[PDB]
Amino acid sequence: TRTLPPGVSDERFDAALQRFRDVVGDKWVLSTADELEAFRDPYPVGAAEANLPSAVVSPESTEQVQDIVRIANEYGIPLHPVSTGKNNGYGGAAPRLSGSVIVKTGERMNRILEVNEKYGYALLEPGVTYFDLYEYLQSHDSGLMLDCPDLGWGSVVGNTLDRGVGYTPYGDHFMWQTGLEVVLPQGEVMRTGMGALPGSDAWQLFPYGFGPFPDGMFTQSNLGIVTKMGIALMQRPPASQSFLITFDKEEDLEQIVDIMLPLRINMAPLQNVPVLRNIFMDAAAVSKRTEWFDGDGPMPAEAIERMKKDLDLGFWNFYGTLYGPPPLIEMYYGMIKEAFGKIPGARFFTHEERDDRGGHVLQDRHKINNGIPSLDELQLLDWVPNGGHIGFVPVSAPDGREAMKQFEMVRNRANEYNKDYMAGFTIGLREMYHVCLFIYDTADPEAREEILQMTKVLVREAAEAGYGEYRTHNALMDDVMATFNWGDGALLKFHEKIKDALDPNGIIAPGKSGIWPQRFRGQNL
């Protein structure tokens, strides 16, 4: 049965589609069931269908975005803006609110507007992928490098707008975002920062501009459709070296984290984002689950030991990258070896010392940590048939006992649903993330429903222990925002007031981050 926007008749929707076609062109509006299939969540959560788009509209310009927004206000049609729509693990391109129209800005708004070599920045449209930007930098013999997530096919802009992250020293994307242009919910256009000062050359140089600083309000947000965004770019160092440290025991996590923090907090000797990945995560990158175990339930201890031995990895595997002149790299690596070498059974390998199957993750991290985009990690999804994942990422203090508590409680819950504990821990400077990926058969309704029910429990149990998530899937946005309820839900009430003021017709991505406009509030959508 045809997916329609809430409250919009078939006939009114057909009329609205024609209005959208008049703006963007006939071939740039998709609305048949088969056309829309590719815009459904590739990794669906829950057995029942959810997050169904009614159409996709691909504008070519900011003006076209403004016109689309105006039409949507006239008809009361919700709009879900994306850049490349590769938010896989958190819903893909699919809207939180079923019946919403996807506004795929990146399809045609895909220009690199400027890369400035001297000051080190890019000004981008949403369709510029990490692969696209890398190709530009390489072909122009740039001295700059980008910072990419694990998969290079996403958007420099879209990733930033969900507060996505990478692993170089510029890994905090939002931090390095500098200036944006946004179409607000009734169709008006605004530039932030020094972009608001006509003729300023400092849009990509100074983020704040004058007065209240608004750019963060457009991240994980439903307050507009971003059409341009700037980001700072780091100079490529003269040399780099990546390394792996394998740690043999599950319980080593406590000591690893307690050493990681002091080596990272001053940004040296751990100069990049430290990542600690468990054996399940590293095995999934290079092998299928059935290589190790084809039975029912959690993987047994004997099979875990076989993964470690066959791949020459530990239960916990630390990956890092060093940058600078060779003598600096040598000094930092010496410090790292001295510190982590206090853990019995730790073994060290550089990216030059591992050409085996087990070393494939090290080789991938060496690319990612050097701003070389990759799709190697798509192999994770071959862990089981029809593989998909959902991301579950609580934030906590960088403390070894806190890490052990999280490890144990998530693994306990995963075991109940016969899901592997595939996880790592990362630190920024002062904060810790528990990066959990649950991989499952997307073709199995039971597995889809298990994932939904399990992750709802994980969210609750984490919150009960004082951990909240930094980012989440469509299916969990209400649940996660409900955990941030200090002062009787004060934060959400604040967001709601702002949403209603900027979006009185309730058009833009209703329900993103649990923030619903008045007309949808309290309706179990």
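Each residue number is its position in the shown sequence, starting from 1.
Taking the mean C-alpha B-factor of each stretch as recorded, 299 to 307 and 369 to 377 are not equal, and the higher mean is that of 299 to 307. For the pair 461 to 469 and 32 to 40, the record assigns the higher mean C-alpha temperature factor to 32 to 40.
When the C-alpha B-factors of 182, 410, 259, 115 are read from the PDB record, the largest value belongs to 259.
In the deposited coordinates, the residue among 130, 349, 203, 170 with the greatest CA B-factor is 349. In this PDB entry, residue 187 carries a Cα temperature factor that places it within the middle third of its chain's modelled residues. Among all modelled residues in this chain, the alpha-carbon of residue 210 has a temperature factor (C-alpha) in the middle third.
When the modelled residues of the chain are ordered by C-alpha B-factor, residue 392 sits in the middle third. Annotation for residue 52: C-alpha temperature factor in the middle third relative to the rest of the modelled chain, per the entry. Compared with the other modelled residues of the chain, the Cα B-factor recorded for residue 63 ranks in the middle third.
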